[PDB]
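Novice: Got a structure here, written out as structure tokens. Questions coming.
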Amino acid sequence: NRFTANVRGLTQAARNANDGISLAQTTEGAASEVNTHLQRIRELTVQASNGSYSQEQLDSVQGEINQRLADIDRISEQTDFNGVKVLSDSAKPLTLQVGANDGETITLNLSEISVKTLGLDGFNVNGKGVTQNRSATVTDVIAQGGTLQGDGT
Amino acid sequence: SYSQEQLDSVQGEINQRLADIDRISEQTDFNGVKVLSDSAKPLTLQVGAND
Amino acid sequence: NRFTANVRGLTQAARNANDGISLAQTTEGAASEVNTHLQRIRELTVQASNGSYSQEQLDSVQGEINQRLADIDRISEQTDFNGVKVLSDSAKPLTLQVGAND
Amino acid sequence: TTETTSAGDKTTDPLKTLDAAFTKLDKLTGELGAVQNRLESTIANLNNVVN
Amino acid sequence: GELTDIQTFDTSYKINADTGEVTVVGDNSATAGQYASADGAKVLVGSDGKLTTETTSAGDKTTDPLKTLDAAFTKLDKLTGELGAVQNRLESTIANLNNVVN
Amino acid sequence: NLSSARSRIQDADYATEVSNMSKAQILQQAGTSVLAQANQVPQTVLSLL
Amino acid sequence: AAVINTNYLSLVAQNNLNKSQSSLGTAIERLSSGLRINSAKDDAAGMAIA
Amino acid sequence: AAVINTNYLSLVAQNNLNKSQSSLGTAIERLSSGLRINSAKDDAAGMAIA
Amino acid sequence: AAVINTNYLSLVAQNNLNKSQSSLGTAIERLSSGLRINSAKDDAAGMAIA
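Protein sequences, first through last, are from chains A, U, X, H, P, F, C, D and S. Using the numbering used here, read the first sequence as starting at 98 and increasing by one per residue. Using the numbering used here, read the second sequence as starting at 3 and increasing by one per residue. Using the numbering used here, read the third sequence as starting at 7 and increasing by one per residue. Using the numbering used here, read the fourth sequence as starting at 16 and increasing by one per residue. Using the numbering used here, read the fifth sequence as starting at 14 and increasing by one per residue. Using the numbering used here, read the sixth sequence as starting at 68 and increasing by one per residue. Using the numbering used here, read the seventh sequence as starting at 2 and increasing by one per residue. Using the numbering used here, read the eighth sequence as starting at 2 and increasing by one per residue. Using the numbering used here, read the ninth sequence as starting at 2 and increasing by one per residue.
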């Protein structure tokens with residue numbers, strides 16, 4: 098009985114691990130596509146950083162940059178596996194329970210590939226490069242001559 | 003890797019198995035004695051004369 | 007009577023020796039793949055010992071090697087045979103009585 | 016102010032930001048590759064133990 | 014069956030029912046950081062509504078599923094082995110009683 | 068020069084890949100055959116009855 | 002042993018067949034793509050270099 | 002393993018062949034037309050400059 | 002023997018193929034550049050003289 102439980106639970110654990118390989122494969126493929134996007138962005142950024150190009154060609158370059166960044170964000174929010182946004186901003190590491198007698202796992206540690214987390218978040222070569230601000234802090238409110246009036250007023 | 007719905011299906015299967023185990027307990031009968039049940043005192047099996 | 011005792015005990019001893027063979031098979035099988043782990047670690051150590059690799063790729067090699075070492079430790083902890091972590095930190099030598107007459 | 020965005024104004028060092036993104040992406044990709052190697056090694060080990 | 018005179022601290026049996034824990038509301042962070050002795054434990058609200066320094070609660074799930082299953086396995090195996098031993102002894106009694114009858 | 072550097076690490080050496088594929092196919096056919104004969108290993112048991 | 006319930010030889014043959022098939026798969030992938038280092042799990046640092 | 006309902010090797014071979022054919026198509030179009038910057042999807046700002 | 006895991010003949014053929022390919026590459030480079038001493042690694046003293 099002990100041997101049957103162990104051997105067939107290990108077969109099931111092999112199934113779990115083999116699903117783990119598939120999950121890592123899907124995430125790796127999405128990451129490879131992001132890699133190609135960054136390669137093209139770097140090529141055309143080196144192109145655009147030249148000063149010989151007039152403003153409108155830089156506008157077209159920035160349009161293509163925006164398209165690539167939007168696709169990167171799309172890959173981030175749409176790469177799915179068993180209904181799990183694996184390559185997204187909300188993706189906790191997995192467990193992949195391998196072996197019977199639970200207590201041992203294989204943490205995946207996969208998350209946070211997108212714009213605003215690769216660090217670009219505002220990548221721009223021309224005027225149109227709108228970035229993101231930060232929530233105003235009570236410390237900042239006091240810093241600019243803050244005068245209290247009540248409950249945090 | 004399994005989402006909540008597949009875990010719910012697994013839990014349904016496990017509940018079915020547990021219900022079967024409980025059924026086997028309550029219904030394993032031998033001469034009107036629920037031998038493998040929740041009310042099963044040890045027996046005697048008198049083997050020999052001179053009680 | 008003595009012959010039956012001897013033959014029956016010796017057949018049971020053959021079963022015990024078979025159990026020992028199986029345990030040795032499991033331990034040897036686990037060690038055979040720990041061997042592959044060490045081979046991969048050695049190959050990547052040779053690769054990363056080059057100076058042409060910058061710090062980030064050495065960090066990637068170190069991460070993969072950390073995975074390999076964690077897997078070796080997992081093999082040691084999780085390798086089981088009849089509730090006995092045979093290839094583990096706490097694994098005393100066995101007995102495996104073959105023959106009667108303790 | 017109230018509105019959540021502002022002009023970007025010629026992001027200072029484009030290629031350095033791109034290289035930082037490259038380092039992050041390559042680090043995560045290498046971690047995933049190491050996980051794939053570990054996982055196939057576990058597959059082999061578990062199959063050996065099963066047999 | 015409860016006692017009002019003697020209470021129990023989070024980790025100990027203390028008569029002092031109340032401690033007056035000191036928490037600081039981290040300005041611009043809105044998190045009640047600990048101040049008394051943990052000194053920045055980042056207090057979270059527990060499942061019972063009280064303040065506590067832990068981040069994750071027990072939840073609602075069999076905390077040790079396979080261990081409980083192994084315990085059930087051990088109980089069932091013990092009962093099955095006991096029944097089998099009784100059955101073998103009963104067969105031996107059948108043989109002995111038949112011989113004595115003859 | 069950098070393209071050559073990339074070839075030295077990324078491009079596949081066709082000469083060794085073809086040989087590896089050939090040996091893999093040989094091992095596959097041999098494995099299928101030996102697995103079959105292993106499947107008729109218990110058949111000899113089904114002689115005495 | 003002359004038992005039929007389990008065939009250890011068949012299991013060993015299955016394992017070796019799976020290993021050979023995995024080797025065939027990686028060889029076929031590298032032959033088709035023309036790139037030794039694809040699916041970074043092979044030479045993870047190599048793909049970073051490339 | 003020994004599964005036949007899906008052939009992953011065939012799939013990766015087909016994908017790599019499709020990439021190769023796309024590269025061949027771009028090369029053939031550039032050869033016939035004689036213009037590197039054709040089909041503005043290639044070098045978008047390049048055709049603006051041209 | 003009759004082994005299949007390793008094919009020594011294939012490895013030797015690959016090595017000789019690599020050597021011949023290197024010689025061919027050097028010949029093509031010398032023809033295209035037109036200078037025997039280019040990529041100074043061959044005849045470094047000749048490169049200094051030139």
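Backbone N, C-alpha and C fix where the C-beta goes; we use that ideal spot for every residue, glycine too.
Kindly indicate if chain F contains any beta-carbon less than 8 Å away from that of S:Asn8.
Specialist: Here the question's residue 8 of chain S lines up with position 7 in the ninth sequence. Chain F, which has a Cβ nearer than 8 Å to the Cβ of S:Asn8, makes this yes.
Novice: Please report the straight-line C-alpha distance between C:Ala51 and F:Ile76, rounded to a whole angstrom.
Specialist: Taking the first residue of the seventh sequence as 1, we reach residue 51 of chain C at position 50. Taking the first residue of the sixth sequence as 1, we reach residue 76 of chain F at position 9. Roughly 7 Å separates the two Cα atoms.
Novice: Within the chosen definition, does the region 125-132 of chain A reach the region 164-174 of chain A through at least 3 CB pairs nearer than 8 Å?
Specialist: Because the criterion of three Cβ pairs below 8 Å is met, the region 125-132 of chain A and the region 164-174 of chain A touch.
Novice: Taking 8 Å as the threshold (C-beta atoms), are U:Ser5 and A:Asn179 in contact?
Specialist: Residue mapping note: residue 179 of chain A aligns to position 82 of the first sequence, counting from 1. Residue mapping note: residue 5 of chain U aligns to position 3 of the second sequence, counting from 1. Cβ atoms of A:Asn179 and U:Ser5: closer than 8 Å.
Novice: Suppose you measure from the CA of C:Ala3 to the CA of F:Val108; what does that come to, to the nearest Å?
Specialist: For the purposes of this step, residue 3 of chain C is taken as residue 2 along the seventh sequence, with counting starting at 1. For the purposes of this step, residue 108 of chain F is taken as residue 41 along the sixth sequence, with counting starting at 1. Taking the straight line from one Cα to the other gives about 9 Å.
Novice: Counting along the chain, where does the beta strand (DSSP E) carrying P:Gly97 start and finish?
Specialist: Along the fifth sequence, one-based indexing puts residue 97 of chain P at 84. First-last for P:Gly97: 78-114, but that is the alpha helix (DSSP H), not the beta strand (DSSP E).
Novice: Starting from A:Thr250, follow the beta strand (DSSP E) in both directions and report where the run begins and ends.
Specialist: Against the first sequence, residue 250 of chain A aligns to sequence position 153. No beta strand (DSSP E) holds A:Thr250; DSSP gives it neither H nor E.
Novice: What residue range is occupied by the uninterrupted beta strand (DSSP E) comprising P:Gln47?
Specialist: As a working mapping, residue 47 of chain P is identified with position 34 in the fifth sequence. Note, P:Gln47: beta strand (DSSP E), 44-47.
Novice: If you pair each beta-carbon of the region 15-24 of chain P with each one of the region 11-29 of chain D, do three or more pairs fall below 8 Å?
Specialist: No, they do not touch.
Novice: Output, in chain order, the set of chain C residues within a Cβ distance shorter than 8 Å of X:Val90.
Specialist: Indexing the third sequence from 1 puts residue 90 of chain X at position 84. In chain order: nothing, as chain C lies at least about 21 Å away.
Novice: Roughly how many angstroms lie between the CA atoms of S:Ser33 and S:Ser40, to the nearest whole one?
Specialist: Counting from 1 along the ninth sequence, the entry for residue 33 of chain S is found at position 32. Counting from 1 along the ninth sequence, the entry for residue 40 of chain S is found at position 39. Between S:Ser33 and S:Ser40, the C-alpha separation is close to 13 Å.
Novice: Along chain A, which residues have their Cβ under 9 Å away from the Cβ of C:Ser40?
Specialist: Position 39 of the seventh sequence, counted from the first residue, corresponds to residue 40 of chain C. Those are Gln122, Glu125, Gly126, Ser129, listed as they occur along chain A.
Novice: Please classify A:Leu193 as buried or exposed, where buried requires at least 16 neighbouring CB atoms within 10 angstroms.
Specialist: Position 96 of the first sequence, counted from the first residue, corresponds to residue 193 of chain A. It is buried - the Cβ of A:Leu193 has at least 16 other Cβ atoms within 10 Å.
Novice: Can the beta-carbon of A:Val235 be found less than 8 Å from the beta-carbon of P:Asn41?
Specialist: Counting from 1 along the first sequence, the entry for residue 235 of chain A is found at position 138. Counting from 1 along the fifth sequence, the entry for residue 41 of chain P is found at position 28. Going by C-beta atoms, A:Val235 is nearer than 8 Å to P:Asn41.
Novice: Kindly indicate which residue of P:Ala85, P:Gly62, P:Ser105, P:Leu96 has the alpha-carbon position closest to the one of U:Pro44.
Specialist: As a position in the second sequence, residue 44 of chain U is number 42, starting the count at 1. With distances taken between Cα atoms, U:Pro44 lies closest to P:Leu96.
Novice: Nearest by alpha-carbon distance to P:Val35: which of P:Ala43, P:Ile19, P:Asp18, P:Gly53 is it?
Specialist: Locating residue 35 of chain P in the fifth sequence gives position 22, counting from the first residue. It is P:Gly53 whose Cα lies nearest to the Cα of P:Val35.
Novice: Count the other CB atoms, across all protein chains shown, that sit within 10 Å of the CB of X:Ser66; report buried if there are 16 or more and exposed otherwise.
Specialist: Locating residue 66 of chain X in the third sequence gives position 60, where the first residue counts as 1. With 16 or more Cβ atoms within 10 Å of its Cβ, X:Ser66 is classed as buried.
Novice: Between the Cα of P:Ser60 and those of P:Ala49, P:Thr81, P:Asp73, spot the shortest distance and give me the residue it belongs to.
Specialist: Here residue 60 of chain P corresponds to residue number 47 of the fifth sequence, with the count starting at 1. Comparing Cα-Cα distances from P:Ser60 to each of P:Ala49, P:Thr81, P:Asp73, the minimum goes to P:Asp73.
Novice: Here's the rule: buried if 16 or more other CB atoms are within 10 angstroms of the residue's CB, otherwise exposed. What is F:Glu84?
Specialist: The sequence position of residue 84 of chain F within the sixth sequence is 17, counting from 1. Classification for F:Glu84: buried.
Novice: Counting only beta-carbon atoms, is C:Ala14 nearer than 8 Å to chain X?
Specialist: Taking the seventh sequence and counting its residues from 1, one reaches residue 14 of chain C at position 13. No, C:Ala14 does not count as interfacial toward chain X.
Novice: Give the range of the beta strand (DSSP E) segment to which P:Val38 is assigned.
Specialist: For the purposes of this step, residue 38 of chain P is taken as the residue at position 25 of the fifth sequence. Per DSSP, P:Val38 belongs to the beta strand (DSSP E) from 36-39.
Novice: If you follow the alpha helix (DSSP H) that X:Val67 is in, where does it begin and where does it stop?
Specialist: The residue given as residue 67 of chain X occupies position 61 in the third sequence. Its alpha helix (DSSP H) spans residues 61-84.
Novice: If we define contact as Cβ-Cβ less than 8 Å, is C:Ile5 a contact residue for chain X?
Specialist: Here residue 5 of chain C corresponds to residue number 4 of the seventh sequence, with the count starting at 1. Not one chain X Cβ lies under 8 Å of C:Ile5.
Novice: With DSSP as the reference, label P:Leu64 as helix, strand or coil.
Specialist: By 1-based counting over the fifth sequence, the position of residue 64 of chain P is 51. Three-state DSSP puts P:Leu64 in a strand.
Novice: Since X:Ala97 and X:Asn12 should fall inside the 8 Å C-beta cutoff, what is the C-beta to C-beta distance between them, to a whole number of angstroms?
Specialist: Working through the third sequence from its first residue, we reach residue 97 of chain X at position 91. Working through the third sequence from its first residue, we reach residue 12 of chain X at position 6. With a Cβ gap of about 33 Å, X:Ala97 and X:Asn12 do not count as contacting.
Novice: Does the beta carbon of C:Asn17 sit closer than 8 Å to a beta carbon anywhere in chain D?
Specialist: As a first step, residue 17 of chain C must be located in the seventh sequence, where it is residue number 16. Not one chain D Cβ lies under 8 Å of C:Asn17.
Novice: Checking 8 Å against the spacing of the C-beta atoms, do X:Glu70 and X:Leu50 come in under that value?
Specialist: As a first step, residue 70 of chain X must be located in the third sequence, where it is residue number 64. As a first step, residue 50 of chain X must be located in the third sequence, where it is residue number 44. Contact flag set, yes.
Novice: Let me make sure I understand the geometry here. Which of A:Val195, A:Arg139, A:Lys225, A:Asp218 has the alpha-carbon closest to that of A:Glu153?
Specialist: The count along the first sequence starts at 1 and reaches residue 153 of chain A at position 56. For the residues A:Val195, A:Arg139, A:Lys225, A:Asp218, the minimum Cα distance to A:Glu153 belongs to A:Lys225.
Novice: Determine, for C:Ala49, whether the minimum Cβ-Cβ distance to residues of chain X falls below 8 Å.
Specialist: As a first step, residue 49 of chain C must be located in the seventh sequence, where it is residue number 48. Chain X, which has a Cβ nearer than 8 Å to the Cβ of C:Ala49, makes this yes.
Novice: Kindly list, in the order they appear in chain A, the residues whose Cβ is closer than 9 Å to that of H:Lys25.
Specialist: Position 10 of the fourth sequence, counted from the start, is the residue given in the question as residue 25 of chain H. Per Cβ cutoff of 9 Å: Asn221, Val222, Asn223, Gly224, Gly226.
Novice: If you measure from the beta carbon of C:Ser11 to each beta carbon in chain D, is any gap under 8 Å?
Specialist: Position 10 of the seventh sequence, counting from 1, holds the residue named residue 11 of chain C. Not an interface residue.
Novice: Would you verify that the beta carbon of A:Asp116 is, or is not, closer than 8 Å to some beta carbon of chain U?
Specialist: In the first sequence, the residue the question calls residue 116 of chain A occupies position 19. Chain U contact via Cβ: present.
Novice: How would you write the range of the alpha helix (DSSP H) that U:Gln48 sits in, first residue to last?
Specialist: By one-based count along the second sequence, residue 48 of chain U stands at place 46. Neither: U:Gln48 is in no alpha helix (DSSP H) and is coded neither H nor E.
Novice: Tell me which same chain residues have a C-beta within less than 7 Å of the C-beta of A:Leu215, skipping the five on either side of it?
Specialist: Within the first sequence, numbered from 1, the residue matching residue 215 of chain A stands at position 118. Answer for A:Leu215: no residue qualifies.
Novice: Tell me whether the beta-carbon of P:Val37 lies closer than 8 Å to the beta-carbon of P:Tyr48.
Specialist: In the fifth sequence, counting from the first residue as 1, residue 37 of chain P sits at position 24. In the fifth sequence, counting from the first residue as 1, residue 48 of chain P sits at position 35. Yes, Cβ-Cβ distance for P:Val37 and P:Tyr48 is below 8 Å.
Novice: Consult DSSP for A:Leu217 and reduce its assignment to one of helix, strand or coil.
Specialist: Position 120 of the first sequence, counted from the start, is the residue given in the question as residue 217 of chain A. Coil, per DSSP.
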